[PDB]
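Visitor: Got a structure for you, structure_14.tsv, holding TSV, C-alpha atoms and all ligand atoms.
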```tsv
chain	number	residue	atom	x	y	z
X	1	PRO	CA	-5.69	-13.81	11.52
X	2	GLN	CA	-8.29	-11.97	9.49
X	3	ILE	CA	-7.53	-8.23	9.54
X	4	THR	CA	-10.23	-5.73	8.53
X	5	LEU	CA	-9.07	-2.39	7.24
X	6	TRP	CA	-10.93	0.13	9.39
X	7	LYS	CA	-7.44	0.78	10.83
X	8	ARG	CA	-3.94	0.58	9.27
X	9	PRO	CA	-3.12	-3.14	9.18
X	10	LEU	CA	-0.15	-2.98	11.51
X	11	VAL	CA	1.72	-6.09	12.59
X	12	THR	CA	4.67	-6.63	14.88
X	13	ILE	CA	7.75	-7.90	13.07
X	14	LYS	CA	11.01	-9.17	14.42
X	15	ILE	CA	14.01	-8.48	12.30
X	16	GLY	CA	17.69	-8.38	13.14
X	17	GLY	CA	16.74	-9.11	16.74
X	18	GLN	CA	14.61	-5.98	16.89
X	19	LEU	CA	10.89	-5.60	17.23
X	20	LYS	CA	9.15	-3.21	14.93
X	21	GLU	CA	5.65	-2.43	13.89
X	22	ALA	CA	5.07	-2.60	10.17
X	23	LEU	CA	2.25	-2.00	7.77
X	24	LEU	CA	0.96	-4.97	5.77
X	25	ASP	CA	0.95	-3.16	2.52
X	26	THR	CA	-0.59	-4.78	-0.54
X	27	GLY	CA	0.37	-1.71	-2.61
X	28	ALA	CA	4.05	-2.34	-1.85
X	29	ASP	CA	5.97	-4.70	-4.12
X	30	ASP	CA	8.87	-4.71	-1.70
X	31	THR	CA	9.42	-4.48	2.00
X	32	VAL	CA	10.83	-1.16	3.25
X	33	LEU	CA	11.92	-0.59	6.77
X	34	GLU	CA	13.04	2.54	8.54
X	35	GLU	CA	16.76	2.99	9.20
X	36	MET	CA	17.91	0.04	11.18
X	37	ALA	CA	21.09	-1.76	11.90
X	38	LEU	CA	21.01	-4.85	9.73
X	39	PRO	CA	24.06	-7.06	9.51
X	40	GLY	CA	25.66	-7.98	6.17
X	41	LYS	CA	26.15	-6.71	2.62
X	42	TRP	CA	23.67	-4.65	0.61
X	43	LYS	CA	23.04	-3.11	-2.81
X	44	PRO	CA	21.83	0.45	-3.50
X	45	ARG	CA	18.33	0.49	-4.86
X	46	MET	CA	15.59	3.07	-5.40
X	47	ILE	CA	11.89	2.76	-4.69
X	48	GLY	CA	9.21	5.03	-6.00
X	49	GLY	CA	6.15	6.15	-4.15
X	50	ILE	CA	3.66	8.90	-4.23
X	51	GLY	CA	5.56	12.07	-5.09
X	52	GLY	CA	9.12	10.87	-4.76
X	53	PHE	CA	11.68	8.21	-4.82
X	54	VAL	CA	14.05	7.22	-2.12
X	55	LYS	CA	17.39	5.53	-2.23
X	56	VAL	CA	17.39	2.42	-0.11
X	57	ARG	CA	19.71	-0.37	0.84
X	58	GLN	CA	18.69	-3.75	-0.47
X	59	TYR	CA	19.38	-6.67	1.79
X	60	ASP	CA	18.71	-10.14	0.38
X	61	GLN	CA	17.76	-13.25	2.33
X	62	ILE	CA	16.96	-11.49	5.61
X	63	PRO	CA	15.02	-13.40	8.26
X	64	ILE	CA	11.89	-11.66	9.46
X	65	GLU	CA	9.16	-12.92	11.69
X	66	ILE	CA	5.89	-11.26	10.70
X	67	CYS	CA	3.13	-11.73	13.20
X	68	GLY	CA	4.68	-15.14	14.22
X	69	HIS	CA	5.42	-16.31	10.73
X	70	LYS	CA	9.07	-16.68	10.00
X	71	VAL	CA	9.95	-15.73	6.47
X	72	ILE	CA	13.19	-14.79	4.76
X	73	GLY	CA	13.46	-12.36	1.97
X	74	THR	CA	14.57	-9.08	0.62
X	75	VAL	CA	14.28	-6.08	2.87
X	76	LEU	CA	14.86	-2.52	1.80
X	77	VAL	CA	16.18	-0.06	4.33
X	78	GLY	CA	15.91	3.66	3.97
X	79	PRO	CA	14.21	6.92	4.94
X	80	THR	CA	10.66	5.64	4.77
X	81	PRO	CA	8.12	7.15	7.17
X	82	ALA	CA	6.72	3.72	7.98
X	83	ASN	CA	7.91	0.15	8.09
X	84	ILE	CA	6.19	-1.49	5.18
X	85	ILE	CA	5.73	-5.19	4.59
X	86	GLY	CA	5.34	-5.66	0.90
X	87	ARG	CA	4.00	-8.42	-1.22
X	88	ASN	CA	7.41	-10.02	-1.37
X	89	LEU	CA	6.98	-11.08	2.24
X	90	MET	CA	3.17	-11.18	2.45
X	91	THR	CA	3.16	-13.99	-0.13
X	92	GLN	CA	5.53	-15.93	2.19
X	93	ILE	CA	3.11	-15.77	5.03
X	94	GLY	CA	0.22	-16.64	2.72
X	95	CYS	CA	-1.52	-13.32	3.03
X	96	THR	CA	-4.61	-12.77	0.85
X	97	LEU	CA	-7.05	-9.99	0.28
X	98	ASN	CA	-10.61	-11.14	0.59
X	99	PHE	CA	-13.95	-9.59	-0.06
Z	1	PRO	CA	-12.91	-13.09	-4.27
Z	2	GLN	CA	-9.77	-14.18	-2.47
Z	3	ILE	CA	-6.73	-12.43	-3.97
Z	4	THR	CA	-3.23	-13.75	-3.30
Z	5	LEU	CA	-0.39	-11.28	-3.57
Z	6	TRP	CA	2.07	-12.93	-5.93
Z	7	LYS	CA	0.95	-10.16	-8.30
Z	8	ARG	CA	-0.20	-6.56	-7.65
Z	9	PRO	CA	-3.80	-6.90	-6.49
Z	10	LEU	CA	-5.36	-4.99	-9.37
Z	11	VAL	CA	-9.11	-4.60	-9.70
Z	12	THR	CA	-11.29	-2.95	-12.31
Z	13	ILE	CA	-13.18	0.06	-10.97
Z	14	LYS	CA	-15.89	2.12	-12.53
Z	15	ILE	CA	-15.93	5.74	-11.58
Z	16	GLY	CA	-17.43	8.76	-13.26
Z	17	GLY	CA	-18.60	6.43	-16.04
Z	18	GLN	CA	-15.02	5.39	-16.76
Z	19	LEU	CA	-13.33	2.09	-16.30
Z	20	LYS	CA	-9.97	2.03	-14.62
Z	21	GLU	CA	-7.69	-0.51	-13.10
Z	22	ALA	CA	-6.71	0.21	-9.53
Z	23	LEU	CA	-4.53	-1.28	-6.91
Z	24	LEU	CA	-6.20	-2.62	-3.75
Z	25	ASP	CA	-3.81	-0.98	-1.43
Z	26	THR	CA	-3.91	-1.72	2.30
Z	27	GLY	CA	-1.03	0.75	2.87
Z	28	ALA	CA	-3.20	3.59	1.50
Z	29	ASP	CA	-5.52	5.37	3.93
Z	30	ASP	CA	-7.23	7.10	1.04
Z	31	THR	CA	-8.11	6.37	-2.54
Z	32	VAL	CA	-5.99	8.18	-5.14
Z	33	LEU	CA	-6.75	8.11	-8.82
Z	34	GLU	CA	-4.81	9.42	-11.77
Z	35	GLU	CA	-6.02	12.61	-13.40
Z	36	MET	CA	-9.55	12.10	-14.49
Z	37	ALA	CA	-12.59	14.15	-15.21
Z	38	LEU	CA	-14.75	13.93	-12.14
Z	39	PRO	CA	-17.86	16.06	-11.94
Z	40	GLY	CA	-18.49	18.41	-8.99
Z	41	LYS	CA	-16.71	20.42	-6.29
Z	42	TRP	CA	-13.41	19.53	-4.63
Z	43	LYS	CA	-11.00	20.63	-1.91
Z	44	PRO	CA	-7.20	20.78	-2.22
Z	45	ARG	CA	-5.48	18.11	-0.18
Z	46	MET	CA	-1.99	16.67	0.09
Z	47	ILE	CA	-1.00	13.04	0.46
Z	48	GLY	CA	2.35	11.75	1.48
Z	49	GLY	CA	4.10	8.73	0.14
Z	50	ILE	CA	7.54	7.32	-0.12
Z	51	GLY	CA	9.81	10.25	-0.94
Z	52	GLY	CA	7.33	12.97	-1.64
Z	53	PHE	CA	3.98	14.77	-1.03
Z	54	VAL	CA	1.53	15.43	-3.95
Z	55	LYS	CA	-1.28	17.90	-4.09
Z	56	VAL	CA	-4.52	16.21	-4.91
Z	57	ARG	CA	-8.14	17.16	-5.39
Z	58	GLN	CA	-10.43	15.72	-2.76
Z	59	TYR	CA	-13.85	14.68	-3.97
Z	60	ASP	CA	-16.34	13.56	-1.33
Z	61	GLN	CA	-19.22	11.13	-1.78
Z	62	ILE	CA	-18.13	9.83	-5.19
Z	63	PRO	CA	-19.72	6.62	-6.48
Z	64	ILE	CA	-17.24	3.89	-7.38
Z	65	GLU	CA	-17.85	0.32	-8.30
Z	66	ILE	CA	-14.86	-1.74	-7.22
Z	67	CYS	CA	-14.84	-5.24	-8.61
Z	68	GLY	CA	-18.70	-5.20	-8.75
Z	69	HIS	CA	-19.19	-3.67	-5.35
Z	70	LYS	CA	-20.74	-0.25	-5.48
Z	71	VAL	CA	-19.42	2.03	-2.79
Z	72	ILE	CA	-19.42	5.78	-2.35
Z	73	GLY	CA	-16.66	7.68	-0.77
Z	74	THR	CA	-13.87	10.13	-0.92
Z	75	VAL	CA	-11.63	9.95	-3.93
Z	76	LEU	CA	-8.41	11.88	-4.34
Z	77	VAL	CA	-7.35	12.89	-7.80
Z	78	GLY	CA	-3.82	13.87	-8.70
Z	79	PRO	CA	-0.49	12.98	-10.31
Z	80	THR	CA	-0.25	9.49	-8.86
Z	81	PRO	CA	1.50	6.82	-10.94
Z	82	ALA	CA	-1.21	4.28	-10.13
Z	83	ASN	CA	-4.86	4.29	-9.30
Z	84	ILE	CA	-4.96	3.27	-5.69
Z	85	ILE	CA	-7.94	2.00	-3.77
Z	86	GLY	CA	-7.32	2.76	-0.16
Z	87	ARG	CA	-8.75	1.52	3.07
Z	88	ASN	CA	-11.45	4.14	2.98
Z	89	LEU	CA	-13.08	2.20	0.16
Z	90	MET	CA	-11.76	-1.28	0.91
Z	91	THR	CA	-13.67	-1.21	4.20
Z	92	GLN	CA	-16.88	-0.50	2.22
Z	93	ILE	CA	-16.46	-3.61	0.17
Z	94	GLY	CA	-15.59	-5.62	3.24
Z	95	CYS	CA	-12.03	-6.28	2.22
Z	96	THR	CA	-9.82	-8.10	4.76
Z	97	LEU	CA	-6.27	-9.28	4.91
Z	98	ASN	CA	-6.01	-12.91	5.85
Z	99	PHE	CA	-3.18	-15.20	6.71
D	1	LIG	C1	6.79	1.30	-0.26
D	1	LIG	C2	7.04	1.42	-1.78
D	1	LIG	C3	8.10	0.41	-2.17
D	1	LIG	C4	5.73	1.37	-2.61
D	1	LIG	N1	6.04	1.30	-4.03
D	1	LIG	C5	6.06	0.19	-4.77
D	1	LIG	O1	5.83	-0.95	-4.37
D	1	LIG	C6	6.48	0.41	-6.19
D	1	LIG	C7	5.34	0.19	-7.17
D	1	LIG	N2	7.56	-0.52	-6.46
D	1	LIG	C8	8.75	-0.07	-6.78
D	1	LIG	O2	9.23	0.99	-6.42
D	1	LIG	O3	9.57	-0.92	-7.61
D	1	LIG	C9	10.84	-0.36	-8.00
D	1	LIG	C10	10.80	0.41	-9.31
D	1	LIG	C11	9.60	0.82	-9.90
D	1	LIG	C12	9.62	1.55	-11.11
D	1	LIG	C13	10.85	1.84	-11.74
D	1	LIG	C14	12.04	1.41	-11.14
D	1	LIG	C15	12.01	0.71	-9.94
D	1	LIG	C16	4.85	2.58	-2.48
D	1	LIG	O4	5.29	3.65	-2.10
D	1	LIG	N3	3.59	2.42	-2.90
D	1	LIG	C17	2.50	3.37	-2.71
D	1	LIG	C18	1.76	3.72	-4.01
D	1	LIG	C19	2.50	3.60	-5.32
D	1	LIG	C20	2.03	2.73	-6.32
D	1	LIG	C21	2.70	2.62	-7.54
D	1	LIG	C22	3.83	3.41	-7.75
D	1	LIG	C23	4.30	4.27	-6.75
D	1	LIG	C24	3.63	4.37	-5.54
D	1	LIG	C25	1.42	2.75	-1.85
D	1	LIG	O5	0.92	1.63	-2.55
D	1	LIG	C26	1.90	2.28	-0.48
D	1	LIG	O6	0.85	1.55	0.14
D	1	LIG	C27	2.23	3.44	0.44
D	1	LIG	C28	2.61	2.84	1.77
D	1	LIG	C29	3.06	3.94	2.70
D	1	LIG	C30	2.50	4.02	3.99
D	1	LIG	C31	2.92	5.03	4.85
D	1	LIG	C32	3.89	5.95	4.41
D	1	LIG	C33	4.44	5.86	3.12
D	1	LIG	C34	4.03	4.85	2.26
D	1	LIG	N4	1.09	4.31	0.63
D	1	LIG	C35	1.09	5.59	0.27
D	1	LIG	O7	2.04	6.14	-0.26
D	1	LIG	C36	-0.16	6.36	0.59
D	1	LIG	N5	0.18	7.49	1.44
D	1	LIG	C37	-0.48	7.58	2.60
D	1	LIG	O8	-1.42	6.85	2.86
D	1	LIG	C38	0.02	8.60	3.59
D	1	LIG	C39	0.74	7.92	4.73
D	1	LIG	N6	-1.06	9.37	4.15
D	1	LIG	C40	-1.29	10.64	3.88
D	1	LIG	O9	-0.51	11.41	3.34
D	1	LIG	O10	-2.59	11.12	4.28
D	1	LIG	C41	-2.87	12.51	4.17
D	1	LIG	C42	-2.05	13.27	5.17
D	1	LIG	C43	-1.89	14.65	5.00
D	1	LIG	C44	-1.14	15.37	5.94
D	1	LIG	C45	-0.56	14.73	7.04
D	1	LIG	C46	-0.74	13.35	7.20
D	1	LIG	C47	-1.49	12.62	6.28
D	1	LIG	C48	-0.95	6.84	-0.64
D	1	LIG	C49	-0.98	5.75	-1.73
D	1	LIG	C50	-2.37	7.27	-0.26
```
So, in terms of structure tokens, how does the structure I just supplied come out?
Ligand SMILES: CC(C)[C@H](NC(=O)[C@H](C)NC(=O)OCc1ccccc1)C(=O)N[C@@H](Cc1ccccc1)[C@@H](O)[C@H](O)[C@H](Cc1ccccc1)NC(=O)[C@@H](NC(=O)[C@H](C)NC(=O)OCc1ccccc1)C(C)C
Guide:
Amino acid sequence: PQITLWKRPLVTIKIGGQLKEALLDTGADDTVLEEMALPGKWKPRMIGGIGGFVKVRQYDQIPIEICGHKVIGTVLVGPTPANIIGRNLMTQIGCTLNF
Amino acid sequence: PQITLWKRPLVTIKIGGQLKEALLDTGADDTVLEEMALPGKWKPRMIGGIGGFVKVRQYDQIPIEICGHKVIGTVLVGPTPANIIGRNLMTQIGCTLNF
């Protein structure tokens, strides 16, 4: 799809058998999802945003289907106010900015 | 241009006669620039990110040239760690996400 930006570029993702809406976020290096039951091991990590940081759980090699594109990558889980699909996954679905 | 996302989608902007690099940021509603001398009036505003909430100065109807596209819009100025071009301006240059 081509997505204009008059609205937040939200997409429906499937991860860990759960459906979520997430923001395609070109300003996000990484993918950060709200608290969710993911299976498996993790590593503590911190991400920085506007104003603050947040501690997150880093899960490697997690399957995610982003708007019907299955990808597998690192997913951060923590107290983010939005599910964010970062460049780490957007590259895997071949997502470009165009103007 | 078409911009893939293997790197941060940085563009060179011109604003207030100054050249800056800025991130084309689809996860940003608004445009937030680092502290910079802008001429004119402003209103105090707050933006929220990952972790925190920063006070910013809201400037309306500011001319910006983003990668050779002149647009005019609201620019927020404050202690952001990156110049961020948000959807408010990306729409004005016709920027889409595509995959
Ligand atoms: C999700 C994060 C991993 C992401 N950060 C990164 O990718 C960073 C660079 N990577 C990173 O952390 O690498 C690890 C690291 C880095 C340095 C040292 C050690 C380790 C991020 O927060 N990035 C943000 C900007 C940024 C850039 C560089 C450095 C730090 C921060 C936006 O690009 C990103 O798009 C977020 C996405 C987002 C959406 C929704 C909620 C939270 C975050 N937007 C924002 O933070 C924007 N805020 C908003 O748009 C909010 C949602 N609206 C808002 O507040 O509107 C006014 C309002 C007022 C009152 C009520 C409601 C709204 C902001 C840039 C304008």
Visitor: Counting only C-alpha atoms, find the residues whose atoms lie at most 12 Å from (-5.0, 9.8, -7.4) (file coordinates) and write them out as a PyMOL selection string.
Guide: (chain X and resi 50-51) or (chain Z and resi 20+22-23+28+30-38+45-49+54-59+74-86)
Visitor: Mind listing as a PyMOL selection string which residues of chain Z are within 8 Å of chain X, counting all atoms listed in the file?
Guide: chain Z and resi 1-9+23-29+47-54+80-81+84+87-88+90-91+93-99
Visitor: Quick one: distance from atom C39 of ligand LIG 1 (chain D) to CA of residue 42 (chain Z) in Å, one decimal?
Guide: 20.6 Å
Visitor: Suppose you want the space between atom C14 of ligand LIG 1 (chain D) and CA of residue 16 (chain X); what is it in Å?
Guide: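 Computing it gives 26.8 Å between the two atoms.
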Visitor: So that all listed atoms of region 29-48 of chain Z fit with 6 Å spare on each side, what axis-aligned box centre and edge lengths in Å, to one decimal, would you give as lines of an AutoDock Vina configuration file?
Guide:
```
center_x = -8.1
center_y = 13.1
center_z = -5.6
size_x = 32.8
size_y = 27.4
size_z = 31.1
```
Visitor: Please measure the separation of CA of residue 61 (chain X) and CA of residue 39 (chain X), giving the value in Å to one decimal.
Guide: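 Separating CA of residue 61 (chain X) from CA of residue 39 (chain X) is a distance of 11.4 Å.
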Visitor: Hey, which of Z:19, Z:64, Z:12, Z:44 ends up closest to ligand LIG 1 (chain D)? Count all atoms listed in the file.
Guide: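 Closest candidate: Z:44.
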Visitor: Have region 63-84 of chain Z completed to N, CA, C and O atoms, please, and pass it along as a PDB file, in the frame of the given file.
Guide:
```
ATOM      1  N   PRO Z  63     -19.396   8.008  -6.197  1.00  0.00           N
ATOM      2  CA  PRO Z  63     -19.720   6.620  -6.480  1.00  0.00           C
ATOM      3  C   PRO Z  63     -18.617   5.914  -7.241  1.00  0.00           C
ATOM      4  O   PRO Z  63     -18.092   6.433  -8.218  1.00  0.00           O
ATOM      5  N   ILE Z  64     -18.224   4.750  -6.736  1.00  0.00           N
ATOM      6  CA  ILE Z  64     -17.240   3.890  -7.380  1.00  0.00           C
ATOM      7  C   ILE Z  64     -17.724   2.479  -7.305  1.00  0.00           C
ATOM      8  O   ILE Z  64     -18.304   2.073  -6.309  1.00  0.00           O
ATOM      9  N   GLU Z  65     -17.496   1.720  -8.355  1.00  0.00           N
ATOM     10  CA  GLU Z  65     -17.850   0.320  -8.300  1.00  0.00           C
ATOM     11  C   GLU Z  65     -16.496  -0.345  -8.347  1.00  0.00           C
ATOM     12  O   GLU Z  65     -15.711  -0.090  -9.269  1.00  0.00           O
ATOM     13  N   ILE Z  66     -16.186  -1.112  -7.308  1.00  0.00           N
ATOM     14  CA  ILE Z  66     -14.860  -1.740  -7.220  1.00  0.00           C
ATOM     15  C   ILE Z  66     -15.138  -3.225  -7.285  1.00  0.00           C
ATOM     16  O   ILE Z  66     -15.831  -3.774  -6.416  1.00  0.00           O
ATOM     17  N   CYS Z  67     -14.659  -3.834  -8.361  1.00  0.00           N
ATOM     18  CA  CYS Z  67     -14.840  -5.240  -8.610  1.00  0.00           C
ATOM     19  C   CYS Z  67     -16.311  -5.628  -8.301  1.00  0.00           C
ATOM     20  O   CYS Z  67     -16.564  -6.604  -7.582  1.00  0.00           O
ATOM     21  N   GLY Z  68     -17.267  -4.844  -8.819  1.00  0.00           N
ATOM     22  CA  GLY Z  68     -18.700  -5.200  -8.750  1.00  0.00           C
ATOM     23  C   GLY Z  68     -19.367  -4.830  -7.430  1.00  0.00           C
ATOM     24  O   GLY Z  68     -20.505  -5.224  -7.146  1.00  0.00           O
ATOM     25  N   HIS Z  69     -18.640  -4.104  -6.599  1.00  0.00           N
ATOM     26  CA  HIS Z  69     -19.190  -3.670  -5.350  1.00  0.00           C
ATOM     27  C   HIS Z  69     -19.293  -2.182  -5.492  1.00  0.00           C
ATOM     28  O   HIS Z  69     -18.286  -1.510  -5.654  1.00  0.00           O
ATOM     29  N   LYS Z  70     -20.519  -1.682  -5.447  1.00  0.00           N
ATOM     30  CA  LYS Z  70     -20.740  -0.250  -5.480  1.00  0.00           C
ATOM     31  C   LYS Z  70     -20.531   0.294  -4.093  1.00  0.00           C
ATOM     32  O   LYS Z  70     -21.091  -0.222  -3.112  1.00  0.00           O
ATOM     33  N   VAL Z  71     -19.693   1.312  -4.020  1.00  0.00           N
ATOM     34  CA  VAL Z  71     -19.420   2.030  -2.790  1.00  0.00           C
ATOM     35  C   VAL Z  71     -19.431   3.500  -3.146  1.00  0.00           C
ATOM     36  O   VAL Z  71     -19.522   3.873  -4.317  1.00  0.00           O
ATOM     37  N   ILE Z  72     -19.362   4.339  -2.132  1.00  0.00           N
ATOM     38  CA  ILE Z  72     -19.420   5.780  -2.350  1.00  0.00           C
ATOM     39  C   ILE Z  72     -18.494   6.348  -1.330  1.00  0.00           C
ATOM     40  O   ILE Z  72     -18.609   6.052  -0.150  1.00  0.00           O
ATOM     41  N   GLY Z  73     -17.549   7.156  -1.754  1.00  0.00           N
ATOM     42  CA  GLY Z  73     -16.660   7.680  -0.770  1.00  0.00           C
ATOM     43  C   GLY Z  73     -15.792   8.749  -1.331  1.00  0.00           C
ATOM     44  O   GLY Z  73     -15.982   9.199  -2.454  1.00  0.00           O
ATOM     45  N   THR Z  74     -14.814   9.119  -0.528  1.00  0.00           N
ATOM     46  CA  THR Z  74     -13.870  10.130  -0.920  1.00  0.00           C
ATOM     47  C   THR Z  74     -12.832   9.556  -1.865  1.00  0.00           C
ATOM     48  O   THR Z  74     -12.250   8.486  -1.642  1.00  0.00           O
ATOM     49  N   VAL Z  75     -12.603  10.299  -2.923  1.00  0.00           N
ATOM     50  CA  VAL Z  75     -11.630   9.950  -3.930  1.00  0.00           C
ATOM     51  C   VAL Z  75     -10.709  11.147  -4.099  1.00  0.00           C
ATOM     52  O   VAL Z  75     -11.172  12.284  -4.178  1.00  0.00           O
ATOM     53  N   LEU Z  76      -9.412  10.880  -4.073  1.00  0.00           N
ATOM     54  CA  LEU Z  76      -8.410  11.880  -4.340  1.00  0.00           C
ATOM     55  C   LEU Z  76      -7.932  11.766  -5.788  1.00  0.00           C
ATOM     56  O   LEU Z  76      -7.711  10.668  -6.325  1.00  0.00           O
ATOM     57  N   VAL Z  77      -7.803  12.913  -6.437  1.00  0.00           N
ATOM     58  CA  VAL Z  77      -7.350  12.890  -7.800  1.00  0.00           C
ATOM     59  C   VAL Z  77      -6.083  13.713  -7.931  1.00  0.00           C
ATOM     60  O   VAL Z  77      -6.028  14.861  -7.507  1.00  0.00           O
ATOM     61  N   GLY Z  78      -5.051  13.125  -8.511  1.00  0.00           N
ATOM     62  CA  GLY Z  78      -3.820  13.870  -8.700  1.00  0.00           C
ATOM     63  C   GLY Z  78      -2.789  13.058  -9.435  1.00  0.00           C
ATOM     64  O   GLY Z  78      -3.097  11.967  -9.932  1.00  0.00           O
ATOM     65  N   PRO Z  79      -1.558  13.574  -9.487  1.00  0.00           N
ATOM     66  CA  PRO Z  79      -0.490  12.980 -10.310  1.00  0.00           C
ATOM     67  C   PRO Z  79       0.121  11.732  -9.674  1.00  0.00           C
ATOM     68  O   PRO Z  79       1.336  11.657  -9.441  1.00  0.00           O
ATOM     69  N   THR Z  80      -0.722  10.747  -9.403  1.00  0.00           N
ATOM     70  CA  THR Z  80      -0.250   9.490  -8.860  1.00  0.00           C
ATOM     71  C   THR Z  80       0.086   8.591 -10.036  1.00  0.00           C
ATOM     72  O   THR Z  80      -0.560   8.681 -11.100  1.00  0.00           O
ATOM     73  N   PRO Z  81       1.072   7.723  -9.858  1.00  0.00           N
ATOM     74  CA  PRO Z  81       1.500   6.820 -10.940  1.00  0.00           C
ATOM     75  C   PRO Z  81       0.632   5.563 -11.044  1.00  0.00           C
ATOM     76  O   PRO Z  81       0.829   4.731 -11.905  1.00  0.00           O
ATOM     77  N   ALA Z  82      -0.327   5.427 -10.140  1.00  0.00           N
ATOM     78  CA  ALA Z  82      -1.210   4.280 -10.130  1.00  0.00           C
ATOM     79  C   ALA Z  82      -2.506   4.679  -9.492  1.00  0.00           C
ATOM     80  O   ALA Z  82      -2.531   5.468  -8.569  1.00  0.00           O
ATOM     81  N   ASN Z  83      -3.617   4.130  -9.977  1.00  0.00           N
ATOM     82  CA  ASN Z  83      -4.860   4.290  -9.300  1.00  0.00           C
ATOM     83  C   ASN Z  83      -4.809   3.398  -8.091  1.00  0.00           C
ATOM     84  O   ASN Z  83      -4.485   2.216  -8.202  1.00  0.00           O
ATOM     85  N   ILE Z  84      -5.126   3.978  -6.943  1.00  0.00           N
ATOM     86  CA  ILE Z  84      -4.960   3.270  -5.690  1.00  0.00           C
ATOM     87  C   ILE Z  84      -6.272   3.298  -4.937  1.00  0.00           C
ATOM     88  O   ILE Z  84      -6.865   4.375  -4.706  1.00  0.00           O
TER      89      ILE Z  84
END
```
